[PDB]
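What follows draws every value from the coordinates through simple rules; no lab data is involved. Quick reminder, even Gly has a Cβ in these numbers, built from the backbone with ideal geometry, and neighbours come from all protein chains shown.
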Ligand SMILES: *[C@@H]1O[C@H](CO)[C@@H](O)[C@H](O)[C@H]1NC(C)=O
């Protein structure tokens, strides 16, 4: 039993999102298809289910107006349509197959829908230099859209003690995070430290040298 | 349910002791009151019980002759009368309340009755100097009556490694104990060690300087 | 409630639905005496009693007709006849606390075994010895009640069990409590199998001139055979006549 | 049906019992069987069926996980706690048409209380050129995650102007890391001299301050 | 009724089972219930009811303590032994009018056998002015408490002249301390030169002697 989904769709508020779930490993005509919403770092909310054989769809009361479930048995695929998107709709949606008397029994990976009117913007990397045993340093990444960004130290040469904190969504609509590392006080003047920040959506490859 | 007795009464052989037990937290008219004798560091011996509402007292065979139980319901108190005291009578007595089908169920603190013809005498503190890594020293308290005495080092400045052994009753009728402490060998010549002995009953405050 | 003071709820004038008994997963014992458990939805009862309490698990066997033990003798006794059902389920998760749950009590001491369906909530001091107690607690004077002392880590035997006892009263008298059964229409001049509020028979239902007083619900002729009945929905008196039979 | 999940944040050392409890507003039992399900979700992964029904175990589930209970009260127990058990555990009901999940319990492995390594980072010169100043307070290797960070600009407490992030528990160190950024305009940043971060934590007897003067 | 309390001195490490047994001369069972009670007494405190009846637990008693048995044989078991369990445990009977208690069991936490640190102390000069001489032999940090101390004055063993004291088990070190004092008149003390304290203990392969010559 395998379920495959779309990948990280981004839409502005008011638009509609069409979401697909390919099914394999079973008949797909004998098990109903459920959908579950999960806001990042939050609880799970059941959206609704569809019977593949007969298009009888039952939705949650909250999601009844803005959601539409459909299915194509010919290609063995299910679809969820989200209409009139708002910022609350930004979340990970899962498609699940019925089993063991559980509604959403077998889940398929998960696809992230991001609702925002913002546009892609390159990150700015700013050196958080050590303050004048073990010292701390790093660099702060600010004003980039969207997630994710890959942060490394000296192309992977400095990995122990490296903490790249998850970004937080600012009120301006962008993301800011910090990558920090603790280094011996002896290597303050000798060892060169560079943080490498790679943002694929904006194709921004920035290599920032941090010095004390 | 709380029971409160007298505090550490001393009497000479042949005299009589009146012992009180105030009761609170219950009606005191629905539960019989038991008395239990305990020698220091020994087993428990049940003495006898009294019914508060009706003065029906039942005593142990051993304690029948020398013990009398009475009760005052007006003040919610019980009393034990010990007559013709001997050295065997020196012990801690407890007043207990019936409960859970146990005779002496709920005990109250405990009052120590000390039978002796001796009189209050000030302690004498004798410095046990270190013998000429870690060395040992201390001071011996001899011929004090009665217990207890507070022993400290440098007004509490030397607490680790301190052993103030419990006093023992000598054949002469007094008490002797020893306070010892282990000190570094490098501290033999420099640090001053003084043991403080406090005997409140005799109002004896002695500060003994122990030197090697 | 504690077994010594067991809760009694009287049940009457209702449409009895026993779906809770069949759908629940928690029940451990579902014993029935005088009735069949699956047939409870096809019966009409004059009155029902639901007696609920909390007991120790090893004592659940004592909740049954003609049994002996501390609970049966001094706490809760079932009559030898007892048309009804005993339903008990483990409640360790709900009625046990870290430390001890001492709210639930049972009666250790009593002068004599209590009669069936008798409740003793008195807490007078029990006189086990010859000496009168006069309300005090002493050597042979004991508080009659004793705490179960439920703790989560106890043998299934010593874990609390919640018990509900249903006491049906089954008689030809007008039954207030009935299953839904979806009552149907009635026909007059045909041999039918009629179920009149618990009364059941095979005959023709002719219109009757019997003058029933308002409290009267059915009529019995000589030799005590039901010959008349009033239907609950319409309140009309119908004569019941056996449809013709005879040797050939 | 509303499911309330007691403890929703449980810290137990390896080899110790872990209990997550679910209570339902109405009965979940139906047709004789029970319809309470336990799901497990490791970070970055879809939820996986752990315990279908009250006690039945799902496909490929180790014997450590056990489900018990009935009526409205259910419990999930993991006695041989392992490293792989660090996940978010949900309780879900399948009796009624609207399927509802529990609050969720993030299960963490417990360790000894550790002192946070506190540091303060002034804004970079290049950032100061851009008219923005972000000052960072960093806590390295502290357990548990319970800690409070306050910003003091010229001995005046700030509110509604700091954004903090917590990196997930370390795989080996089992210690959290925290980073709080205070953002200001350049004109406002240059109007004050003393910037301090005051942190209180369980492993600190008294709150630790880290301050710097602009320039 | 006479109660015999098997082991009356039990040493068990933390987290280990501890069993104290009470045996009665005649049956303690009456009216169907049992009347064997277990009391606990911490030093300097009144005895506290642990187990009323054969198995029922007293008020505010942790689940560690358990009472079992019937007839004439009863047992008190403490499987999760803790530090606070160091106390004197008594068994008592409530069946007959003269209530009788057990011998009493002092519960000690077990540790590895430790070598006694032996020291000697001659009488002080001021004491010698008073015509009395007390010679002290001190053993520091030895486990178990089983040890024998003998006084040898001019290679002659002394009897009936030494008084010894034992400090209770240390809260952290869990090691006993001993101090034996030999008292003599000044004329008798000055009539001998060599004074020795000869100690035997489990942790010593051979008995240790500590001696001094007067002067
Ligand atoms: C109750 O009785 C009245 C009078 O006979 C009848 O009109 C009514 O329909 C009955 N109720 C139902 C639910 O049929």
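Where a ≥ b ≥ c are the square roots of the eigenvalues of the C-alpha gyration tensor, would you call the range C:110-151 rounded, which needs a/c under 1.5, or, failing that, prolate if a/b is larger than b/c, or oblate? Since a/c reaches 1.5 but b/c is at least a/b, the shape of the range C:110-151 is classed as oblate. Placing a label point 7 Å from the Cα of residue D:31 along the Cα-to-Cβ direction, the distances to the matching points in the other copies come to 5.4 nm, shortest first.
Go ahead and run the numbers for FRET between residue C:39 and residue C:134, Cβ-Cβ distance against an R0 of 60 Å, rounding to 0.05. Approximately 0.65, to the nearest 0.05. The range C:88-115 and the range C:169-248 have Cα centres separated by 47 Å. Its relative contact order, with pairs defined as Cα atoms under 8 Å and 6+ residues apart, puts the range C:92-175 at 39 percent.
Averaged over peptide E:88-100, the number of partner chain Cβ atoms lying within 10 Å of each residue's Cβ comes to 5.
Taking E:116, E:144, E:98 as the candidate residues, the one with maximal mean-square fluctuation in a Gaussian network model of chain E, Cα springs under 10 Å, is E:98. Each 10 Å bin, from zero up to the one with the longest distance, holds this percent of the alpha carbon pairs of the range B:135-212: 18, 51, 24, 7, 0. Using 0.36 nm per residue and subtracting the Cα-Cα separation, the extra length available between residue E:171 and residue E:209 on full extension is 10.8 nm. Counting only the Cα atoms, the range D:128-215 fills a convex hull of 109 Å³ per residue.
For the peptides A:28-34, C:115-121, E:103-109, the ranking by mean Cβ contacts within 10 Å, running from highest to lowest, is E:103-109, A:28-34, C:115-121.
Equivalent-ellipsoid semi-axes for the range E:76-188 (Cα gyration tensor, √(5λ), whole Å, largest first): 38, 20, 12.
Rounded if a/c is under 1.5, else prolate if a/b is larger than b/c, else oblate: which is the protein assembly as shown, with a ≥ b ≥ c the root eigenvalues of its Cα gyration tensor? Taking the square roots of the gyration eigenvalues as a ≥ b ≥ c, the protein assembly as shown is oblate. Distance to the E-onto-D rotation axis is smallest for one chain E Cβ; residue and value in angstrom are E:15, 8. Distances between copies at residue B:170, taken between label points 7 Å from Cα along the C-beta direction, are 8.5 nm in increasing order. Sequence-distant contacts, meaning Cα pairs under 8 Å at least 6 residues apart, place the relative contact order of the range D:1-53 at 27 percent. Above 23 Å lies some portion of the pair distances; for the range C:138-248, what is it as a whole percent of all C-alpha pairs? Cα-Cα pairs in the range C:138-248 separated by more than 23 Å: 52 percent. Percent of Cα-Cα pairs more than 20 Å apart in the range A:24-112, please. I get 31 percent for the Cα pairs in the range A:24-112 exceeding 20 Å.
For the protein assembly as shown, the mean residue ellipticity at 222 nm estimated from helices alone is -500 deg cm²/dmol, where every DSSP H run of n ≥ 4 contributes -39500 (n - 2.57) and the total is divided by all residues, rounded to the nearest 500. Across the identical copies, the 7 Å label point of residue E:129, projected outward along Cα→Cβ, sits 8.8 nm from its counterparts, in ascending order.
Would you please state which residues of the range C:155-172 a label at residue C:117 would reach in this model, taking the label point 7 Å out along Cα→Cβ and a backbone N cut-off of under 17 Å? Residues C:164-172 fall inside that zone.
How high is the relative contact order of chain D, in percent, with contacts defined as C-alpha pairs under 8 Å that are six or more residues apart? Here the relative contact order equals 18 percent.
Does anything in the range C:232-246 have its amide N under 15 Å from the 7 Å Cα→Cβ label point of residue C:221, and if so which residues? So the set is C:238-245.
Radius of gyration (Cα atoms) of the range C:36-149, expressed as a multiple of 2.2 N^0.38 Å: 1.30.
Per residue, the Cα convex hull of the range B:65-125 amounts to 166 Å³. For the rotational copies B and A, the chain B residue with its Cβ nearest the relating axis, together with that separation in Å, is B:133, 19. For the residues of E:119-127, the average number of beta carbons from a partner chain within 10 Å of their own beta carbon is 6. Residues of the range E:54-83 with an amide N closer than 12 Å to a point placed 7 Å from the Cα of residue C:97 along the Cα-to-Cβ direction: E:60. Rg/Rh for the range E:1-120 stands at 1.04; both radii use Cα atoms, and Rh follows the Kirkwood definition.
Residues considered: E:12, E:97, E:136. Largest GNM mean-square fluctuation over chain E, using C-alpha springs under 10 Å, is found at E:97.
Give me the Kirkwood hydrodynamic radius of the range A:37-87, using the inverse of the mean 1/r over all pairs of distinct Cα atoms, in Å to one decimal. Kirkwood hydrodynamic radius for the range A:37-87: 12.2 Å. For chain B, the fraction of C-alpha pairs farther apart than 30 angstrom is 42 percent. Residues A:20, B:160, ranked from the fewest to the most other C-beta atoms within 10 Å, line up as B:160, A:20. Take the Cα radius of gyration of chain C and divide it by 2.2 N^0.38 Å, N being the number of residues; the result is 1.37. The separation of the range A:134-164 from the range E:109-134, counted between C-alpha centres, amounts to 66 Å.
As a size descriptor, the averaged projected area of the C-alpha convex hull of the range E:36-87 was calculated at 3.7 nm².
Taking E:186, E:95, E:129 as the candidate residues, the one with maximal mean-square fluctuation in a Gaussian network model of chain E, Cα springs under 10 Å, is E:129. Within chain D, all pairs of alpha-carbon atoms sorted by distance into 10 Å bins from zero give the percentages 8, 27, 22, 18, 15, 8, 2, 0. Averaging the Cα positions of each part gives two centres, and for the range A:89-106 and the range A:118-133 these lie 39 Å apart. The Kirkwood hydrodynamic radius of the range B:84-179, based on inverse pair distances between different Cα atoms, is 16.7 Å.
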